[PDB]
Each structure stands twice: as C-alpha cells, then as structure tokens.
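Undergrad: experimental structure and sequence below, a few questions after.
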Amino acid sequence: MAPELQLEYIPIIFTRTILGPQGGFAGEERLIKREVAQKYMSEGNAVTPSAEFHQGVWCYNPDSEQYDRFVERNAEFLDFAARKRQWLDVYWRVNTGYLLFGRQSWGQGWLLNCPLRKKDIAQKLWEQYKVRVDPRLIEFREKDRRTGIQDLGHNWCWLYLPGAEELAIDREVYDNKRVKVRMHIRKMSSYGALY
Amino acid sequence: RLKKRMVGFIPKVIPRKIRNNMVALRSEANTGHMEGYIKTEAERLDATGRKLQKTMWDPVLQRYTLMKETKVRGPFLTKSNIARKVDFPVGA
Amino acid sequence: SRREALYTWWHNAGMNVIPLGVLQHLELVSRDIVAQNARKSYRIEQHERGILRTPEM
Amino acid sequence: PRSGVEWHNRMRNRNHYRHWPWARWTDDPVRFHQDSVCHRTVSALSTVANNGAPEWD
Amino acid sequence: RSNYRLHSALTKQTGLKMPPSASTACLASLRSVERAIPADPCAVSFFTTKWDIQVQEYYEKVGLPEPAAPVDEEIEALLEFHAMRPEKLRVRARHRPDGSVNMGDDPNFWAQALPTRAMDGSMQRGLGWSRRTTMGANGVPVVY
Amino acid sequence: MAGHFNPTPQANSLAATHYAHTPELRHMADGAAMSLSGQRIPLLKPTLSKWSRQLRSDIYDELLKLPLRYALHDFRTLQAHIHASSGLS
Amino acid sequence: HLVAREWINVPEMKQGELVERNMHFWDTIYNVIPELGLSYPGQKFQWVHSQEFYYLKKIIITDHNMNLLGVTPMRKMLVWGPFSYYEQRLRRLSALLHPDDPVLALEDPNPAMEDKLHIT
Amino acid sequence: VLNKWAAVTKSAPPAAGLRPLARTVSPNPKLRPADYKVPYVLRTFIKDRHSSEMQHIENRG
Amino acid sequence: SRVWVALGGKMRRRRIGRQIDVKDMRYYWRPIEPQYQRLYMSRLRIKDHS
Amino acid sequence: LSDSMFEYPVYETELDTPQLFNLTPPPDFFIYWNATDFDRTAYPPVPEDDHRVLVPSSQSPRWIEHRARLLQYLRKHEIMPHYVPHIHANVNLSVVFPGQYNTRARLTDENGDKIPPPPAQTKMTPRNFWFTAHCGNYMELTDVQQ
Amino acid sequence: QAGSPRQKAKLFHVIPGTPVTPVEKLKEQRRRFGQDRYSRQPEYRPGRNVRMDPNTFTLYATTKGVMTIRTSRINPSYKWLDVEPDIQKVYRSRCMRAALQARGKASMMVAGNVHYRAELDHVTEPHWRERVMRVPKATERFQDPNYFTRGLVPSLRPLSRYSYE
Amino acid sequence: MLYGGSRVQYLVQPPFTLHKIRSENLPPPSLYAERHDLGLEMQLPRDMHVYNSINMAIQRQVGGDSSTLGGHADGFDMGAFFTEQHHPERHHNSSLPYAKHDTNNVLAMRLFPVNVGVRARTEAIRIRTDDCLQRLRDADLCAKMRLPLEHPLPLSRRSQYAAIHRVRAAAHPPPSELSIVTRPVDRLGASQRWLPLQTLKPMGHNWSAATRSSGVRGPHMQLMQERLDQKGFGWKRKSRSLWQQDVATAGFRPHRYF
C-alpha cells in the first residue's frame, strides 16, 4: 500500500475484452500488472473484485458499443474462463517469447551444420518457456520444410493451437489457429554450443 | 610546487569555511575543554547576535556544563578565564 | 480441531502411560497433515482452473 | 554476483578468511549441543516421562 | 537427605546408604512409603525461602560445613578482562590465535584478546592427539 | 525494543501444556551454564620450557597409551613435585 | 537522591538564649524546586522532574509516622524480601567496588583552603 | 567507539538517563515526515521548560 | 609473527565535522597490511642473504 | 497520554508474591521511607475467596479457575514439565506454617525470654494465608522454622 | 566532456542460506545517493536480527545464525535479510529435507520452495490482496483517542499505517 | 451535554479502570536477565575471538537487543531512523552515551577523582581493579578451601599447597573461624606495617596522541621546538642568523624521494 511497496500486480475483473497479453476477456479474474490495470479501472475495462462482481458483471459487446451484456460467472463459466485462459496463455506465451539458440556453424553459407528438428523447437519451447505441446503441430515455413531450419539469425515457424472454436476466441488473438514462434540461432564455438 | 589553489571541483560554498561557521564551543567551566562545532544554518546566518551557547558533556568534569562559543584558534585557558574568588554559602 | 478437548482427556485419563511428549508431537503432525492436505487439495483444484505447475511447482 | 577479490580471498581460504565460514554448522548459539529433556526428575520411575519433547516444529 | 530420589531407593541402601532395618523402616524398607506411593503426585504447591541465621545455627547443631555460593561466573570475567593492561589486548601478532592473517582495514579485529602462540600446537588435529590435551587448567580450550 | 509486554496470547485453560519456544536465550543460554566456555581467557596447564621442566599428565597419557617397547615410568613416581614439622623439606 | 525530612530541628538564639525552632523544611524544597507546585497530570512520569536540577530523581522523605496503614506502594520503596531469584545482586556488585573508594562526604567546618569543600 | 585497547581512551560517557534526547523532527526537509506541516502555532512564549514541554502532551483524559 | 603496528591515518589534520565514530578509528594500533610489512622488512633481511 | 501508559502494575492475583521479585520503582517523586518500615513484613494483601478453603470438586467454577492458575504458575517456575512431569492436580493442598510475621529469629525483646515455638496451626485464616504453600510465594525462613 | 570513476562492487559478503557471524557485512548496499544527494531506498531492507548501518546502508547481523532473504510477498523487488538465530534448527532439518527428498518422500509444496511462494500465501490467506489494497478511512486510522484513555485500544499508533507483507 | 456545554453535574472525574497483569503469564525467572538488568561497567566484548562480537557500525542501535526478535515487518521509514540515528544532536559531541562498549571500567570511572589526568587514571582504575581481582580470587580460593578469608594471600599459601585441586562445592568456615581481622600479618598475631595500594598523583599526562610535538623526549633530544623560535621550520630561518655554521650544515634538500 505504501508509496514504496506497491502491488506489482493486482486482481482484476475485465468488463471489456482487451487483446494484449495483459488483457483478458469478458468477466475473467486476472492478476495483471499494476500500472496497466490502473489505467483500466479508470478506462472501465476492469473493476476490482468486489463481492458483487464475483457473480455477474456487465461486459461489453461491440455490437451496440456499451456495457449491456450481462455475463454471469456461475461455476460453468468458471470452467469456460479457465480453458479459455489456459488456451490463450499458451498463445501469449509463445507469441511474446523469443526462443534463443546456440549452435555450431563451420562453413560459409551461414548454414547451421546440424539443422533444426521440430523436435528441437518443442525442446526449446519446453526448455525456456515451459510450453508443453505436440511437435506434430509445428509447421515450418516453405524454405525450411526440406532441410529443417538450417540457417542462423532469425527464423520463425508456425505453431498450430488447434482447440479454439468452443472457446469463442477470435478477434482477441492475432490468429485463432496459429502462432509465430520466433527462433534465433546465435552461433557459438564448441565451448558453449551443443550437437 | 605552485598550484597552491586547486581548481578541480572548486565547491560552490563549503560549510566549514564561513566567517564564523566552525566555532569552538569551549566550556564555561574553565576546564580548558572545547568541542568544535559548525553552526548549522539555524545559526549560520546571523539568527544569533548572541554568542552561541549549548549544554554538552564536559568530559573532564564528567558533568553537563555550558559551552560558550569561541574562535577555534587560541589558548583555551587564558588569565581571563580565571573566576574571581567567592566564599560559598557553605562553611562556617 | 480438538487440541483442547484432547489434552483435557489426557490430563484426567492418561497422564500415567501416554507421555505428553507424544501429544504435543501428535498435535504437531496433525496440524501439518491437515495443513498440507489443504495445500494439496488446493493444488489439485487450481490444476483444473488452469494453473498447471510441474512436480517441482 | 560473487565477483571481487574478497570473494576470491574467502571462497578459497586465503589470507584471513582462512577459516572462512566463521560460524559454520556444528555450532548452536542457543542450546550448545545438549539435549533439552530434563532427567533430574522427582521420582526415578517418571524420568522416562519427559523423553520425546519437541525442540521445534 | 540431600540426594534423596523418591523411587530410585529400590536399589540396595545397604550399599547405597548403609542403614539398619529399623531406621529406613520408614523410607525404603518393605512396606515403606515409596511402595504405597505412585509415580505421579496429586497436588504440588511450593514456596521459596531466603537464607537466614537459623540455617547457620543448623550446620552447627549437626557438625557439617555450610554450603556457600560460588563466585559468579560472569562477574569473575568482568574483572579478568578489566584488570588486563591494554597492551595485552591490542593486536599483537600477524596471525590471529586461530591461524588467520589479520591484515588491516577491519577495526573489529584490531583486538587480540587470547594471545597467539606461533610455535605451539602441531600435535593436535594430526596425530590423533585427544582434545583433552588442548584444554587449560580451568577447562576452557586454548587455540593453536 | 519494547519488550515482551502486551502479554502472551491472553488465553487460559487447564490444557495450557503445549508451548516452550523460550526466546532461544532462555534455553541453555540465559540459563548461563557455560557461555564463558568460549569467552574466558584460558589458564594454561604446566608448560615445559627450556628451563622450567614442568611435566604434564595430559601429554603423558599420549605416551602411556602408545604401544611402545621400553615402557615408561609411572607418572607419580616420575614426579619431582609432591617428621620434624610435618616432615622437613 | 535527596534524603530529607519535612521538619528539621534547627537551633536558634532567642533573647540571646538558645531555643529550638521546628523548621518547616518542606518550604525549603518548594522554593528550590518550583516544579513540584506546577503539577500537571503527566509530571510524575516526566523525564526530568526539575529542568533546573536534572540530577534530582527522588526525594526520600524520612519522617516518623504514627498511622497504622503506612504509605501505599506508590510512594514507598520495597525494603523487605528476596529482591532477586538467583543471586542477591549486591554481593555481585559488592565484588567490583574497592575498599578505597568513597562512601561518605562529610562537610567541612573550617576548610584547609578554598578547594576542600567536603572530605571524602 | 573507543574500546579498552585504544592508544587513548576517554573518561565516563554520560548515562542517558539524564538530559534525554528528544525525538523531534529533523530540520532536513527530506527527513521530516509527510503529514508534517511547519508549526505556525502562534503562542505567547512560555519561558520555563517545565511549562513549555507540557503543551506538547494532551492530558485532558 | 611480527606485526609492524602503526597509528591512525587522519589523526591531526581535519577533525571538526568528520563522523563521530570514525574520528576514533584513528586511535588504534592497527597492523600495516602485510603487503607493506614485507616491503619495509625487506631492507632488513639483506643482512646475510642466502 | 493515557492511564494505560502510566499505571502501577496491579497483579490480578498475588499468589506468586510477584511484587517482591519483579520490583518496580515507586513512580512518585517523594518517597516516604522511615526507619520503622524495616520491621514491617511487606507481604501482599490477602486476596478474598482464598484458595485454601476451596474444595477440589470437578464442577466448582472457582476451582477450575484455580486449577489452571496453579498449573499456570508451575510452568512459569520450571516445575511442572521438568521436575514433576505428570502433576495430576486433584486436591486442594494448603501447607500452613505456624507463622508470627517475624522479621528475624530472636528472643522476646521486653520479656527477656525465648519466643515459644508457635503451636501447630489449627485453622486456615487470613493471618495464615501468606504462610501457606502456594504457587511460588515467599516466606521468611524465620517462620518456616517450625 | 569530463571523466568518471569506476563503480564499486556492492554485493553480498556471505552466502544467503548459510550461517553468519555478526562481524560479517551481510550486504554492502548502495546508499543510493543518486549523486550524493541525501535520499535513497536500499534494495535489501533490514530483517529479523539484522540491523542496518546508517551511514553506508550495509546490513550487519546482530546475532550469529543462519541467514536468508525474504522477498516481499506484495512486490518481489523489496527484500529483507532474515537471520534466524538457531543454526541447528535449520541444519537438522536440511539434513532431513535433503535426506527425505533423496528417497523421493518429501513434498515440493514447502513454504521454502522458491517457485511455490506465489501460491502458498493464497492457500491460507485467499484475499490477502484486499487486505493490503484496502484504503483506510482517516477515521479508523486514528481510532478515537478517548478509546485510549478509556483503555479499550491498548495503544494508538497513528503512523504505522502501511501493510508491509 | 444535552445542556449546551454547561458542565455542572458529575464534575468529579470517576477514577479509571485498572489494567491488571497476570503474574503467571510472565516469563520464568531468568538468570541472564538478573545480571544485566542493573547496568554496570560492562560485560566482556562478547568475544575472546573477535568473531560473533558485534560490529562498530551497529553498536549504537543496541542495549537490550541480546534477546532474539518493529511495529511491522520492516521498512525503517527513513524516519526516526535517520531522524534519531544521526539526530541534530549526537553530532559534534565527543562522548556518546554508554552504549555497549567494553571501554574502561566505567563503574570505576564514576568513583574516581577527576583530579588525575586521563592517562594516569586509566592506569589507576586498573590498579584498583587489579586488586579487586585479587580480593575476588582470594575469596574464591579461601572459601573453596573452607578457610577463613585472607587477603594478601602469601604466594606460599596461594597455589593452595599446589593449588590443592579444589579437593576435586564451596563451604563457609564455622563461625569460630570467622573474625574481622583478615591480613595474614594480623591474623596469626610479619611486620604489620601498612601502605596503600596505589599512588594517586593529581598530575596530567603530557602526551596527547593528537598533539604534534607532544611527548616525553630523551634527555638529549631537541626539546619541544628547540631552535624553532615559534615559527614553522623556524630553525631554518634562524640559520642565516647564526654567526658561523659548520661546513656541512642543514643545507638545501628539496624532499625528492625523501
């Protein structure tokens, strides 16, 4: 409470539906950063969890553009705002993250000599971001469907987040069914490089 | 050596050096003690036409005694710090 | 939940066999097993709400 | 970060951090390695009573 | 009387106390009180008294010496530390009594109370010599 | 510091038999049995010097324990350090 | 501490003859300490009872009194009982002071010279 | 602090039970608290500190 | 073990206004750090080298 | 200021005779100490509803209060869990001592006689309160000599 | 334009989690005089049995015992230095906690677990956000001074208003 | 009150309600709290070996804090800490109140004549204490031997016939053995001549560590400011004044690698 020690993040019931990572959606309770949340309780997208809001809250529809839509949070919605959060937490975690590498690259073509496997992306997803997925969903680009990733610098590849249709999740994420995981291959000598 | 006056960081102001900013609070009990004391801004500026005074442990006597201010340079027990004799209200 | 009702039994019924060392030991575990089950039962009840932390948490 | 020379002098047992963890384990400031269970008891039959008291949680 | 334990008297007093039957007929004989007594009391209520002159007059009625208090433990140290010439306390050697090398810059360690002994103590910790040898005459260990 | 006042939990019962947590100090510490064991200047045993030949029993065990051929004199008979007037010097 | 009475039998000469005048010493204190009259509900726990004489903390009145019920513990020092548990803490402090340090200061009728106002 | 072994040591320092240290606001505008406003309590200067410090308590209860 | 104990560094020049509990660290017989012990005591060893 | 900040310690029950141990300075400025206040044996005031006359039933409200308060005092004085491990506080023990409130052992002053050893106490009474065996109280050894 | 001096190393002089004597500087903090102005807030505020030196903001323990850092539950940026005096109290548990978890019989939901503390508080005090977020009305922060003379409230503390948890 | 502030009834305040203490609630009688409650010269530095002692940078904020542990977890507020820590007072003093420091015998710094200078007092509170240490050892040595006390114990009697080994508690002698007389020379009934323990001279030390030319110089060192004639390095300025100097006489020598 003190001016020195302030809650680094606070609880929040979203009224609107914000796209960003700190954002939420209609009626879920989320601990979002303090500075961000404080310009929501003024903005009206969020309201601190008084005991009243813990049952219903008047969320927002872009149709009439006002806080009319009553979204009552019974135990059933609380099984819906969990799977819908747990889903778009994997989204905003791999989309925000920038997963690094250290590899060996003798030769001129700036070509990683032991190119990457879809095993070796789910491996650097679970390693750095703890995002546990199926490496059967990671579709590579066209340049790297043949030989694996294979080249230093910034590569990206698409991760398919399948189960997003009964969560009613669109326009609050950039792409309902994909996400761009963003590699980077920082070449290193035998001292710090593997494989 | 020359270079008698230094020039790197000539400090704006400087508390210790100011017409009477550092004052030897010598003890009024003429035990020759003194406790050098820089007059704070409460007395740096001439808030006090009176010569500063304070109560400080006089380590010689082991008693709290007066401390009248006085220039820090000078013999602290001159033939002026002799008190005129007096017969106390004790004795026959 | 009955640390008071238990001792009063021990004072007026035990006191010759059961060394109260056991009791204050018995009270120190029963206030932990109950504690941890509250921390486990909660840990299982978030794991449905989608908090998903590993064995090492 | 453990940089600095004094961390070099004291991780290695250099000049006067020669026995560095000046208080390592195996000293107790409080109970000086003597078990706190009274054996001086009124009746010798009841000396075995105090055995098993909790020294902490 | 001083070392009486309630139920430990089950041992032979003929070897522990050396009574006849009719005297300890009271305390520890057959059908003595301890036999009737259980382990646990019923009520305990205890006062505290101060030394007076009747206690001195008692040790004479008997003929034993009167027990007296020891010179306090800490009070004896206040003096043994305050009657030492300061030079016995100043930092006095390059190696603190434990073996470290007190360099400058730490004002705490400029005080070497225990005096060091450089040429002494290599038998300890290497030959299996006992820790009993280390200690001084009053029991406190010396350091090497 | 303010001490320990505003007294202990302010409960009372016949049970009242489950807590010690003496303030650490009142547990072999402020029962000041021996903390001077570490903070008292030693009184060293007799010291063998070049001139002063003071024997010590504490060292003599570390020889009386050894498996040494050529056995050693018993300690008491090895001592130069013990009836006109209760026996003369 | 200042150990003094309310009434002090001070001699005085009336018609050239010595006669005893019961002196009301109480009026001597209050003139010395004008702080005791100016009483406000916090002053008995005040730090310095008299900012003139900050040395003075208690004034032990010693006047023989005939009432049965003596003064209440608010104004009497406990002078009976074992004041400790583990050791009468006098014999501890009785170890530290030396047989050659002061216990008395008897005033001087005629002083050797202006310094010796009292003999210790 | 000077200990026993110093090259020079000092006589008896004053036991704090006499002439105590008033816990009052530091003149430094950073070391005074927030709510503290400069005390412009206009008052007839009471001379003797027995009757001065008395004002600083609230003993109507 | 021969410390060449020396006195405080700042004990005569500027006193007014220095810290209250550091105007006395100047009063103890501190050892000089051994890096100088060996320098000064080097001119004394040379008496009969080898 | 408040009355709580400045108040003489008033023990709710003075069984342990705590005034004699946990000394507190007489707060006042004028401390009246005569010479005759040496004779007086400054025992605490008698508390009414004296424990010694209670009976140790298991439903008596006073007793339950006195049952724990006694076991409260024993833990305070190192006794209950260590010296006497399993105290089955059942009976209302009151070991009255034949007491004279004497300041020291002596002979009768005026009569030039040895003080007759007081007879075996026959009844509990306020005068025989502070000479009982209570929860840690103090008794001048002169009185316990019988 | 000018020169600059080298930034000294203001880091730990013990190992956190391990035992500690009082003559050890626990941490030599930056008295962050932004540039020798007179207002700073140290990183590691003092804790149990740890006392801060005023001048150089260095924490020295006051009693020998094992040391530790308590990151504030509210904001993980503000830390205390706890020294718990008993070295046997933690050693004789560590030697168990690390002997149990070797046999795979120790639970990882321990309070001392680093990554669990976020959830640990919330199992016991489920609304602790609201207990520190709650803003107090100036009435209750200065409870009726008469309740102090009538003795209802043991002692009024008007400045201790901030919940440091 | 229903009358508009005219306080006329029940003017006499009813005395307040008493807040009792439960004496059973209190801590057990603690020996270590019996010793240090009084307040004396000092304890030991809490160190024979300097470890575990206390740091001088926190020796100000102690005094009863030997017991393990603010109004809250902590934030120190930077107020009443930095407002009491370095008060406007407590600076430019020289004698900070007796905190926890094992300085000279302050119990005996109070009991001693201020007349004597310092360096001749701290050398005399020790010779007082050095005797108070012998008086204490003799009582321990005489009592433990059941002997009536004897003060200048003869070194033959000391080391109580090989320090008898304390036959291997302590007991008073019977009151037949007691008597006021305690000097061996007076006990039996050597020369009974008496002399004090130490010589107190109201003389003041003439070497102050912070004064430059102070000290006791040799009988042939240059006395304080010899040849100087009241001026800095003034013995150089008085060289041209010399009638005739030697051929090798304190010439030019700019401190180069001096």
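TA: Perfect, I can see it now. Numbers count the residues shown, from 1 in each chain, chains lettered A, B, ... in the order given.
Undergrad: how about the contacts made by residue J:114?
TA: Residue J:114 is in contact with J:107-108, counting by CB atoms under 8 Å, 6 or more residues apart in numbering or on different chains. All C-beta spots, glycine's among them, are computed from the backbone N, C-alpha and C.
Undergrad: so it bridges to which residues?
TA: residue J:107 (DSSP bridges).
Undergrad: find the closest residue to chain E in chain H.
TA: residue H:5 (3.9 Å; CB to the nearest CB).
Undergrad: right, and that residue touches residue E:92 too?
TA: No - counting by CB atoms under 8 Å, residue E:92 is not a contact partner of residue H:5; they are 9.8 Å apart.
Undergrad: which one's more surrounded, the two?
TA: residue H:5 (25 against 21; other CB atoms under 10 Å in any protein chain shown).
Undergrad: can you say which helix or strand has the more buried one in it?
TA: With secondary structure defined by DSSP states H and E, residue H:5 is part of neither a helix nor a strand.
Undergrad: contacts only, for it.
TA: E:86-87, E:89-90, E:110-111, I:28-29.
Undergrad: distance of the closest residue in space to the residue of chain H closest to chain E that isn't next to it in sequence from residue E:138?
TA: Spatially, and ignoring its direct neighbours in sequence, residue H:5 is nearest to residue E:89 (3.9 Å; CB to CB, 6 or more residues apart in numbering or on different chains). Relative to residue E:138, residue E:89 is positioned 19 Å away (CB to CB, to the nearest Å).
Undergrad: and residue K:49, by the same measure?
TA: Counting by CB to CB, the gap from residue K:49 to residue E:138 is 32 Å.
Undergrad: which residue is nearest the centroid of chain I?
TA: What sits nearest the mean C-alpha location of chain I, by CA atoms, centre = their mean, is residue I:6, with 3.3 Å.
Undergrad: so what's the residue count around the closest residue in space to that residue that isn't next to it in sequence?
TA: Counting by CB to CB, 6+ apart, residue I:32 is the residue found nearest to residue I:6 once chain neighbours are left out, at 5.0 Å. Residue I:32: 15 surrounding residues under other CB under 10 Å.
Undergrad: so what's residue I:32 up against?
TA: E:104, I:3-6.
Undergrad: so which helix or strand takes in it?
TA: Counting by DSSP H and E, residue I:32 is found in no helix or strand.
Undergrad: any idea how far it is from residue L:7?
TA: Taking CB to CB, one finds residue I:32 at 78 Å from residue L:7.
Undergrad: find the closest residue to chain H in chain K.
TA: Closest point on chain K to chain H, by CB to the nearest CB, is residue K:149, at 3.1 Å.
Undergrad: so who does that residue touch?
TA: H:61, J:2-3, L:16 are the contacts of residue K:149 under CB under 8 Å, 6+ apart.
Undergrad: can you list those residues in a markdown table and add distance to residue L:120, secondary structure and neighbour count?
TA: Listed next are those as a markdown table, based on distance: CB to CB, whole Å; DSSP: H, G, I helix; E, B strand; the rest coil; neighbours: other CB atoms under 10 Å in any protein chain shown:
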| residue | distance to residue L:120 | secondary structure | neighbour count |
| --- | --- | --- | --- |
| H:61 | 56 | coil | 14 |
| J:2 | 52 | coil | 21 |
| J:3 | 53 | coil | 17 |
| L:16 | 57 | coil | 14 |
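Undergrad: spell out which parts of chain E neighbour chain C.
TA: E:38-40 (CB under 8 Å from any CB of the partner chain).
Undergrad: can you narrow those to ones near chain J?
TA: Within these, those near chain J by CB under 8 Å from any CB are E:39-40.
Undergrad: export the residues of chain E next to chain C to CSV and tack on secondary structure and neighbour count?
TA: Formatted as CSV, those follow (DSSP: H, G, I helix; E, B strand; the rest coil; neighbours: other CB atoms under 10 Å in any protein chain shown):
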residue, secondary structure, neighbour count
E:38, coil, 14
E:39, coil, 19
E:40, coil, 18
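Undergrad: from the residues of chain E next to chain C, which is closest to chain C?
TA: residue E:40 (6.2 Å).
Undergrad: residues contacting the closest one?
TA: Taking CB under 8 Å, 6+ apart, one finds C:15-16, D:46, J:85-88 in contact with residue E:40.
Undergrad: let's see 10 Å
TA: Residue E:40 sits next to C:15-16, D:42-43, D:45-46, D:49, J:84-88, J:90 when contact means CB atoms under 10 Å, 6 or more residues apart in numbering or on different chains.
Undergrad: is residue B:55 in a helix, a strand, or coil?
TA: At residue B:55, secondary structure determined by DSSP: H, G, I helix; E, B strand; the rest coil is strand.
Undergrad: swap that for residue L:34, please
TA: Three-state assignment for residue L:34 (three-state DSSP): helix.
Undergrad: residue F:26 is in contact with that one, correct?
TA: No - shown here, residue L:34 and residue F:26 do not form a contact pair, counting by CB atoms under 10 Å, at 11.7 Å.
Undergrad: gap between residue K:144 and chain G?
TA: According to CB to the nearest CB, to the nearest Å, residue K:144 stands 19 Å off from chain G.
Undergrad: can you tell me which residues contact that residue?
TA: K:150, K:152-153, K:156.
Undergrad: taking the contacts of residue E:40 together, which two end up most distant?
TA: D:45 and J:90 (18.7 Å; CB to CB).
Undergrad: not counting its neighbours along the chain, what's nearest residue K:25?
TA: Residue nearest to residue K:25 in three dimensions, not counting chain neighbours: residue K:13, with 4.5 Å by CB to CB, 6+ apart.
Undergrad: next one: the closest residue to residue D:47 other than its chain neighbours from chain F, what distance?
TA: In space, and not counting its chain neighbours, residue D:47 is closest to residue D:41: 4.4 Å by CB to CB, 6+ apart. From residue D:41 across to chain F, the span is 17 Å (CB to the nearest CB).
Undergrad: list the contacts for residue D:41?
TA: With CB under 10 Å, 6+ apart, residue D:41 has these contacts: D:47-50, E:5-8, E:39, J:82-85.
Undergrad: just the buried subset of those, please.
TA: D:47, D:49-50, E:5-8, E:39, J:82-85 (16 or more other CB atoms under 10 Å in any protein chain shown).
Undergrad: got those as TSV, with secondary structure columns?
TA: TSV is the format used below for the buried ones among the contacts of residue D:41 (three-state DSSP):
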residue	secondary structure
D:47	helix
D:49	helix
D:50	coil
E:5	coil
E:6	coil
E:7	coil
E:8	helix
E:39	coil
J:82	helix
J:83	helix
J:84	coil
J:85	coil
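Undergrad: over to the residue of chain H closest to chain E: give its phi and psi.
TA: For residue H:5, the backbone dihedrals (degrees, to the nearest 10) come out as phi -90, psi 0.
Undergrad: shared neighbours of residue H:5 and residue E:92, which are they?
TA: The contact lists of residue H:5 and residue E:92 share E:111-113, I:29, where a contact means CB under 10 Å, 6+ apart.
Undergrad: which residues touch the residue of chain K found nearest chain I?
TA: The nearest approach of chain K to chain I comes at residue K:55, 7.0 Å away (CB to the nearest CB). By CB under 10 Å, 6+ apart, residue K:55 lies in contact with I:19, I:21-22, K:31, L:57, L:85-86.
Undergrad: tell me the most packed of the residues you listed, by neighbour count.
TA: Busiest of those [other CB under 10 Å] is residue L:57, holding 22 neighbours.
Undergrad: pick out the residue of chain J closest to chain C.
TA: residue J:86 (4.9 Å).
Undergrad: so what's the closest residue to chain I within chain G closest to, chain neighbours aside?
TA: Here chain G gets closest to chain I at one residue, residue G:54, 23.1 Å apart by CB to the nearest CB. Spatial nearest neighbour of residue G:54, chain neighbours left out: residue G:48 (4.4 Å); criterion: CB to CB, 6+ apart.
Undergrad: and the one you found, what does it touch?
TA: G:35, G:54-57, H:17-20, H:49-50, H:53 are the contacts of residue G:48 under CB under 10 Å, 6+ apart.
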